[PDB]
Amino acid sequence: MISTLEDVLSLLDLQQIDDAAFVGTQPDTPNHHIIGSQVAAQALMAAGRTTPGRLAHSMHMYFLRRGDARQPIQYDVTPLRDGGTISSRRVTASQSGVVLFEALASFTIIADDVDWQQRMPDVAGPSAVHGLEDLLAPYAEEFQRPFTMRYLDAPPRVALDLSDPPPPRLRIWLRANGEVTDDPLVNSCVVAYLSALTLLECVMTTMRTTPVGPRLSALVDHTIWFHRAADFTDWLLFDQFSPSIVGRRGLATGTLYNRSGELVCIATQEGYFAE
Amino acid sequence: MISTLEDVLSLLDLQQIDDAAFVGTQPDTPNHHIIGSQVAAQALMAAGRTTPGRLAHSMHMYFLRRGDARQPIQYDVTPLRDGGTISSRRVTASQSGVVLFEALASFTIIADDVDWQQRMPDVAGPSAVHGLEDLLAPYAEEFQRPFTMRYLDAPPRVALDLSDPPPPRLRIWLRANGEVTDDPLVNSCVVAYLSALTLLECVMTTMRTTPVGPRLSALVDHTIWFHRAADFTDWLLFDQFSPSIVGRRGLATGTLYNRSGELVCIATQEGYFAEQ
Ligand SMILES: [Cl-]
Ligand SMILES: [Cl-]
């Protein structure tokens, strides 16, 4: 099972099998499903390798069919445009000829210009905050990680035992359990992985469910805009909320910051909750 | 020019030239540029016509090349997924084989389930706000509309006169200057049109520019999530802001609400500003 930060870096180590085709693999999962975070990060790596040296700036994706964690995944990249400042790629992810996912990714050259952001919210610092493992301890009977996670708000399983579902806001302090490679594309791919990892949890809580049920979900899409490099040598804050849930779908948006205050990325995804 | 609401509805009338191939058109503009609002709305209509009786729920797109307003646009639709819940469509827009735009759209059945939203912000109403025409009248020498627009925060050209540029936030009350067809797909397409129309303005102000310059801009992408029907028989509030601007890029996000408070859609786009 994915348990170390090195395991996450291994996910990003794709095997090139043709000029614009790459294969990724992973360990099996308990329900045999591939999670969205993996396919996002691997798809971005595949795209980035066909645009060498350019920096990831955005990616949009739709999950069509859910991957089987027992088989590898093939990523086929199509160049859409190669401009002097922006370049664009389609990435299709497949298993035995079955298309799992389609994405569109865009890459840029670095440019010094207006650099502005909203200020990070004023929240309790990571040291004030309970770890996920201690928070889930009472539920151990119902069940190492690549990131330490400290939750400012109740995680979904804890929230399920509150009288009423809390407001759909979830703030998590995150720290890599090891060293992320000093490579801009790897940096962005790890950001991509984190951007989709806990993001639907604030919706699950409002839907009175958790990642393992009782009501199961699947991501329909995921979107990321990368603005500034993540500093994985310290904590990051992931500020997540839902503006709206309707018709079995819940929208979640998250903003990732370095502890030092820089806004790293924004991401948004819609999850579908089985009836 | 596109100047009436009927003209915007007419953008959505596509010629079908094959099973999954449609042609859209538009009047020539002054600089022959086709705006992203038009291409988003026409692409959604194309996609929707191949998924009859399902409701638009999301759309993602990249604007690869600027369109020539003097030529029509072919929308080629590819079905990617079909069945009991969600249907998925690729839409490619092209002019004489040159691809302008790639989108992925998604459609769903109606289902009653958990229905929750954040509360619309408490702001001044439409009558407390000056119309855009009036706010821009002082600058006429430098220069009808399908929508009445009342800006609660300074438009880019007005903001440009201020010493300290304001926060990159922009609330606009909008009202269709006419009746929008009572059809769910048309409704979603007009929502798509609006979702991209003013959305970058909150960035332009921080970038010390306006829709007509001095620093020009182009959209890189656009993204819409449709949750509740727009009620075009009354005002809508488009609450827009930018969380971040860097590297010649500015990200803008907007939430559209009915006056009665329902959250209609969320949209997010990134614009690129050519060197200064
Ligand atoms: Cl370019
Ligand atoms: Cl922990």
# chains A, B, ... in the order shown; residues from 1 in each chain; ligands from 1
$ residues_near_ligand --ligand "ligand 1" --cutoff "7 Å" --atoms "only C-alpha atoms and all ligand atoms" --output "NGL selection string"
:A and (83-87)
$ write_last_selection --atoms "N, CA and C atoms" --output "tab-separated table (two decimals), in the first residue's frame"
chain	number	residue	atom	x	y	z
A	83	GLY	N	3.45	27.16	-28.07
A	83	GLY	CA	3.73	28.58	-28.16
A	83	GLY	C	5.00	28.92	-27.41
A	84	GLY	N	5.47	30.14	-27.62
A	84	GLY	CA	6.67	30.64	-26.97
A	84	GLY	C	6.51	30.80	-25.48
A	85	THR	N	5.28	31.05	-25.02
A	85	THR	CA	5.07	31.25	-23.59
A	85	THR	C	4.21	30.13	-23.01
A	86	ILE	N	3.12	29.77	-23.70
A	86	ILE	CA	2.23	28.69	-23.28
A	86	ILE	C	2.21	27.51	-24.27
A	87	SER	N	2.23	26.30	-23.70
A	87	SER	CA	2.05	25.09	-24.48
A	87	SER	C	1.01	24.19	-23.82
$ residues_around --residues "residue 14 of chain A" --least-positions-apart "3" --cutoff "7 Å" --atoms "only C-alpha atoms" --output "count of residues only"
3
$ residues_around --residues "residue 218 of chain A" --least-positions-apart "5" --cutoff "7 Å" --atoms "only C-alpha atoms" --output "list in words"
residues 271, 272 and 273 of chain A
$ residues_near_ligand --ligand "ligand 2" --cutoff "8 Å" --atoms "only C-alpha atoms and all ligand atoms" --output "list in words"
residues 131, 132, 133, 134, 145, 147, 148, 149 and 150 of chain A
$ write_last_selection --atoms "N, CA, C and O atoms" --output "mmCIF file, in the first residue's frame"
data_model
loop_
_atom_site.group_PDB
_atom_site.id
_atom_site.type_symbol
_atom_site.label_atom_id
_atom_site.label_comp_id
_atom_site.auth_asym_id
_atom_site.auth_seq_id
_atom_site.Cartn_x
_atom_site.Cartn_y
_atom_site.Cartn_z
ATOM 1 N N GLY A 131 -3.461 15.478 15.159
ATOM 2 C CA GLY A 131 -3.139 14.626 14.028
ATOM 3 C C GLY A 131 -4.294 13.716 13.645
ATOM 4 O O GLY A 131 -5.102 13.324 14.504
ATOM 5 N N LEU A 132 -4.357 13.360 12.366
ATOM 6 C CA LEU A 132 -5.439 12.536 11.832
ATOM 7 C C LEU A 132 -5.557 11.169 12.528
ATOM 8 O O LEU A 132 -6.690 10.719 12.863
ATOM 9 N N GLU A 133 -4.412 10.509 12.726
ATOM 10 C CA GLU A 133 -4.346 9.197 13.365
ATOM 11 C C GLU A 133 -4.949 9.183 14.764
ATOM 12 O O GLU A 133 -5.682 8.265 15.099
ATOM 13 N N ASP A 134 -4.647 10.201 15.575
ATOM 14 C CA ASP A 134 -5.185 10.290 16.929
ATOM 15 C C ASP A 134 -6.685 10.590 16.856
ATOM 16 O O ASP A 134 -7.462 10.080 17.659
ATOM 17 N N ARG A 145 1.897 6.883 6.519
ATOM 18 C CA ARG A 145 1.300 7.661 5.435
ATOM 19 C C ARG A 145 2.407 8.563 4.833
ATOM 20 O O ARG A 145 3.418 8.812 5.479
ATOM 21 N N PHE A 147 2.225 11.793 4.019
ATOM 22 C CA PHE A 147 2.130 13.120 4.635
ATOM 23 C C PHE A 147 1.543 13.012 6.052
ATOM 24 O O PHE A 147 0.566 12.320 6.273
ATOM 25 N N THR A 148 2.119 13.746 6.978
ATOM 26 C CA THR A 148 1.482 13.984 8.233
ATOM 27 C C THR A 148 0.340 14.947 7.966
ATOM 28 O O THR A 148 0.512 15.912 7.204
ATOM 29 N N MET A 149 -0.807 14.715 8.588
ATOM 30 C CA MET A 149 -1.950 15.591 8.453
ATOM 31 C C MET A 149 -2.552 15.942 9.805
ATOM 32 O O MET A 149 -2.821 15.040 10.618
ATOM 33 N N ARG A 150 -2.709 17.248 10.054
ATOM 34 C CA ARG A 150 -3.318 17.772 11.277
ATOM 35 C C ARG A 150 -4.547 18.552 10.915
ATOM 36 O O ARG A 150 -4.448 19.532 10.193
#
$ select_by_dssp --residues "segment 16-248 of chain B" --states "strand (DSSP E)" --output "PyMOL selection string"
chain B and resi 16-18+21-24+55-63+73-81+86-95+98-108+116-117+147-151+169-176+217-219+221-226+236-246
$ interface_residues --of "chain B" --to "chain A" --cutoff "6 Å" --atoms "only C-alpha atoms" --output "list in words"
residues 111, 112, 113, 114, 115, 116, 117, 118, 243, 244, 245, 246, 247 and 248 of chain B
$ write_last_selection --atoms "N, CA, C and O atoms" --output "PDB file, in the first residue's frame"
ATOM      1  N   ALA B 111     -31.914  14.797 -10.232  1.00  0.00           N
ATOM      2  CA  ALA B 111     -32.094  13.911  -9.090  1.00  0.00           C
ATOM      3  C   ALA B 111     -32.311  14.768  -7.874  1.00  0.00           C
ATOM      4  O   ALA B 111     -31.672  15.778  -7.727  1.00  0.00           O
ATOM      5  N   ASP B 112     -33.258  14.394  -7.027  1.00  0.00           N
ATOM      6  CA  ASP B 112     -33.479  15.112  -5.784  1.00  0.00           C
ATOM      7  C   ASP B 112     -32.558  14.473  -4.774  1.00  0.00           C
ATOM      8  O   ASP B 112     -32.443  13.239  -4.726  1.00  0.00           O
ATOM      9  N   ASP B 113     -31.866  15.306  -4.001  1.00  0.00           N
ATOM     10  CA  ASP B 113     -30.886  14.826  -3.037  1.00  0.00           C
ATOM     11  C   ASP B 113     -30.508  16.001  -2.110  1.00  0.00           C
ATOM     12  O   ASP B 113     -31.251  16.973  -2.015  1.00  0.00           O
ATOM     13  N   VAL B 114     -29.387  15.899  -1.399  1.00  0.00           N
ATOM     14  CA  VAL B 114     -28.957  16.987  -0.523  1.00  0.00           C
ATOM     15  C   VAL B 114     -28.806  18.259  -1.394  1.00  0.00           C
ATOM     16  O   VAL B 114     -28.179  18.205  -2.449  1.00  0.00           O
ATOM     17  N   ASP B 115     -29.437  19.366  -0.988  1.00  0.00           N
ATOM     18  CA  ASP B 115     -29.375  20.655  -1.735  1.00  0.00           C
ATOM     19  C   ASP B 115     -28.924  21.741  -0.773  1.00  0.00           C
ATOM     20  O   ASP B 115     -29.737  22.275  -0.015  1.00  0.00           O
ATOM     21  N   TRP B 116     -27.628  22.041  -0.795  1.00  0.00           N
ATOM     22  CA  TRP B 116     -27.048  22.995   0.117  1.00  0.00           C
ATOM     23  C   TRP B 116     -26.204  24.032  -0.643  1.00  0.00           C
ATOM     24  O   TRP B 116     -25.553  23.702  -1.648  1.00  0.00           O
ATOM     25  N   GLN B 117     -26.218  25.275  -0.156  1.00  0.00           N
ATOM     26  CA  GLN B 117     -25.324  26.300  -0.665  1.00  0.00           C
ATOM     27  C   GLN B 117     -24.913  27.322   0.369  1.00  0.00           C
ATOM     28  O   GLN B 117     -25.610  27.552   1.326  1.00  0.00           O
ATOM     29  N   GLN B 118     -23.785  27.971   0.125  1.00  0.00           N
ATOM     30  CA  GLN B 118     -23.411  29.162   0.879  1.00  0.00           C
ATOM     31  C   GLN B 118     -24.455  30.253   0.622  1.00  0.00           C
ATOM     32  O   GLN B 118     -25.148  30.212  -0.406  1.00  0.00           O
ATOM     33  N   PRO B 243      -8.057  35.424  -6.497  1.00  0.00           N
ATOM     34  CA  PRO B 243      -7.246  35.024  -5.353  1.00  0.00           C
ATOM     35  C   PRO B 243      -5.749  35.195  -5.570  1.00  0.00           C
ATOM     36  O   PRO B 243      -4.996  35.251  -4.602  1.00  0.00           O
ATOM     37  N   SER B 244      -5.325  35.282  -6.834  1.00  0.00           N
ATOM     38  CA  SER B 244      -3.902  35.222  -7.166  1.00  0.00           C
ATOM     39  C   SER B 244      -3.623  35.619  -8.602  1.00  0.00           C
ATOM     40  O   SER B 244      -4.378  35.280  -9.516  1.00  0.00           O
ATOM     41  N   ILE B 245      -2.544  36.370  -8.761  1.00  0.00           N
ATOM     42  CA  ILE B 245      -2.043  36.844 -10.040  1.00  0.00           C
ATOM     43  C   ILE B 245      -0.524  36.682 -10.031  1.00  0.00           C
ATOM     44  O   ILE B 245       0.154  37.126  -9.076  1.00  0.00           O
ATOM     45  N   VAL B 246       0.020  36.042 -11.064  1.00  0.00           N
ATOM     46  CA  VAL B 246       1.478  35.866 -11.179  1.00  0.00           C
ATOM     47  C   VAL B 246       1.902  35.520 -12.596  1.00  0.00           C
ATOM     48  O   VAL B 246       1.138  34.965 -13.359  1.00  0.00           O
ATOM     49  N   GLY B 247       3.129  35.847 -12.971  1.00  0.00           N
ATOM     50  CA  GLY B 247       3.696  35.279 -14.211  1.00  0.00           C
ATOM     51  C   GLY B 247       2.988  35.645 -15.513  1.00  0.00           C
ATOM     52  O   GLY B 247       3.044  34.865 -16.477  1.00  0.00           O
ATOM     53  N   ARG B 248       2.399  36.850 -15.538  1.00  0.00           N
ATOM     54  CA  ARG B 248       1.528  37.376 -16.599  1.00  0.00           C
ATOM     55  C   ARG B 248       0.129  36.783 -16.595  1.00  0.00           C
ATOM     56  O   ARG B 248      -0.673  37.118 -17.472  1.00  0.00           O
TER      57      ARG B 248
END
$ residues_around --residues "residue 146 of chain A" --least-positions-apart "2" --cutoff "12 Å" --atoms "only C-alpha atoms" --output "number ranges by chain"
A: 1-10, 144, 148-149, 174-180, 190, 193-194, 197
$ residues_around --residues "residue 231 of chain A" --least-positions-apart "6" --cutoff "9 Å" --atoms "only C-alpha atoms" --output "mmCIF file with N, CA, C and O atoms, in the first residue's frame"
data_model
loop_
_atom_site.group_PDB
_atom_site.id
_atom_site.type_symbol
_atom_site.label_atom_id
_atom_site.label_comp_id
_atom_site.auth_asym_id
_atom_site.auth_seq_id
_atom_site.Cartn_x
_atom_site.Cartn_y
_atom_site.Cartn_z
ATOM 1 N N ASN A 187 7.842 18.670 -8.250
ATOM 2 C CA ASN A 187 7.180 19.538 -7.279
ATOM 3 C C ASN A 187 5.695 19.730 -7.631
ATOM 4 O O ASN A 187 4.795 19.502 -6.795
ATOM 5 N N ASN A 258 1.981 27.598 1.354
ATOM 6 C CA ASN A 258 3.172 27.323 2.141
ATOM 7 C C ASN A 258 2.953 27.971 3.503
ATOM 8 O O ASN A 258 2.251 28.990 3.608
ATOM 9 N N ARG A 259 3.538 27.397 4.545
ATOM 10 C CA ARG A 259 3.422 27.988 5.895
ATOM 11 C C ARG A 259 3.894 29.449 5.917
ATOM 12 O O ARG A 259 3.376 30.244 6.681
ATOM 13 N N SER A 260 4.893 29.773 5.105
ATOM 14 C CA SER A 260 5.412 31.117 4.996
ATOM 15 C C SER A 260 4.429 32.084 4.329
ATOM 16 O O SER A 260 4.672 33.281 4.313
ATOM 17 N N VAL A 264 0.169 28.606 -3.210
ATOM 18 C CA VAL A 264 0.787 27.623 -4.117
ATOM 19 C C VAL A 264 -0.141 27.268 -5.285
ATOM 20 O O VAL A 264 0.232 27.413 -6.448
#
$ residues_around --residues "segment 47-51 of chain B" --least-positions-apart "6" --cutoff "12 Å" --atoms "only C-alpha atoms" --output "NGL selection string"
:B and (12-16 or 18-22 or 40-41 or 57-59 or 75-83 or 85-93 or 103-109 or 183-189)
$ residues_around --residues "residue 212 of chain A" --least-positions-apart "2" --cutoff "10 Å" --atoms "only C-alpha atoms" --output "ChimeraX atom specification"
/A:31,142-143,156-157,209-210,214-217
$ write_last_selection --atoms "N, CA, C and O atoms" --output "compact mmCIF listing (two decimals), in the first residue's frame"
# COMPACT_ATOMS: atom_id res chain seq x y z
N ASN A 31 -10.24 -1.57 -1.94
CA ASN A 31 -11.36 -1.71 -2.87
C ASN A 31 -10.89 -1.86 -4.34
O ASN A 31 -11.73 -1.88 -5.24
N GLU A 142 -12.71 -0.44 12.66
CA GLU A 142 -13.41 -0.37 11.37
C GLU A 142 -12.48 -0.47 10.17
O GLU A 142 -12.91 -0.74 9.05
N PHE A 143 -11.20 -0.20 10.39
CA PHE A 143 -10.22 -0.25 9.33
C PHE A 143 -9.47 -1.59 9.37
O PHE A 143 -8.58 -1.82 8.53
N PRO A 156 -14.16 13.44 8.28
CA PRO A 156 -15.50 12.87 8.04
C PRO A 156 -15.97 11.79 9.02
O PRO A 156 -17.09 11.87 9.47
N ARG A 157 -15.12 10.85 9.39
CA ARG A 157 -15.57 9.80 10.33
C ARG A 157 -15.89 10.35 11.71
O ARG A 157 -16.80 9.87 12.37
N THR A 209 -21.22 11.16 5.19
CA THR A 209 -20.51 9.97 4.77
C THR A 209 -19.01 10.21 4.93
O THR A 209 -18.60 11.27 5.40
N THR A 210 -18.22 9.22 4.55
CA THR A 210 -16.80 9.22 4.70
C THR A 210 -16.20 8.61 3.44
O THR A 210 -16.92 8.07 2.61
N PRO A 214 -20.98 5.37 4.68
CA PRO A 214 -21.74 4.36 3.95
C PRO A 214 -22.13 4.73 2.54
O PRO A 214 -22.41 3.84 1.73
N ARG A 215 -22.19 6.01 2.22
CA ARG A 215 -22.51 6.41 0.89
C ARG A 215 -21.20 6.63 0.14
O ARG A 215 -20.35 7.44 0.55
N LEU A 216 -21.03 5.91 -0.96
CA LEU A 216 -19.78 5.98 -1.71
C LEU A 216 -19.86 7.08 -2.78
O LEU A 216 -20.95 7.49 -3.16
N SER A 217 -18.70 7.58 -3.18
CA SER A 217 -18.59 8.66 -4.14
C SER A 217 -17.54 8.35 -5.19
O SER A 217 -16.71 7.48 -5.00
$ closest_atom_pairs --of "segment 27-91 of chain B" --to "segment 197-200 of chain B" --cutoff "9 Å" --atoms "only C-alpha atoms" --output "tab-separated table"
residue	atom	partner	partner_atom	distance
B:35	CA	B:197	CA	8.3
B:36	CA	B:197	CA	7.7
B:37	CA	B:197	CA	5.6
B:38	CA	B:197	CA	9.0
$ write_last_selection --atoms "N, CA, C and O atoms" --output "short mmCIF file (atom, residue, chain, number, x, y, z; two decimals), in the first residue's frame"
data_model
loop_
_atom_site.label_atom_id
_atom_site.label_comp_id
_atom_site.auth_asym_id
_atom_site.auth_seq_id
_atom_site.Cartn_x
_atom_site.Cartn_y
_atom_site.Cartn_z
N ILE B 35 -15.07 36.42 -29.02
CA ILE B 35 -14.89 36.40 -27.58
C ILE B 35 -15.20 35.02 -27.03
O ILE B 35 -16.03 34.27 -27.56
N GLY B 36 -14.51 34.68 -25.95
CA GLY B 36 -14.67 33.38 -25.31
C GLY B 36 -16.06 33.04 -24.86
O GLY B 36 -16.45 31.87 -24.91
N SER B 37 -16.83 34.04 -24.42
CA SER B 37 -18.24 33.83 -24.03
C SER B 37 -19.05 33.17 -25.16
O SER B 37 -19.86 32.29 -24.91
N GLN B 38 -18.80 33.60 -26.39
CA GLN B 38 -19.53 33.06 -27.56
C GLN B 38 -19.17 31.62 -27.80
O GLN B 38 -20.03 30.80 -28.02
#
$ closest_residue --among "A:162, A:186, A:69, A:44" --to "residue 224 of chain A" --atoms "only C-alpha atoms"
A:44
$ atom_distance --atom1 "atom CA of residue 46 of chain B" --atom2 "atom CA of residue 24 of chain B"
9.1 Å
$ atom_distance --atom1 "atom CA of residue 219 of chain B" --atom2 "atom CA of residue 177 of chain B"
26.0 Å
$ closest_residue --among "B:10, B:110, B:44, B:23" --to "residue 72 of chain B" --atoms "only C-alpha atoms"
B:23
$ atom_distance --atom1 "atom CA of residue 73 of chain A" --atom2 "atom CA of residue 55 of chain A"
23.8 Å
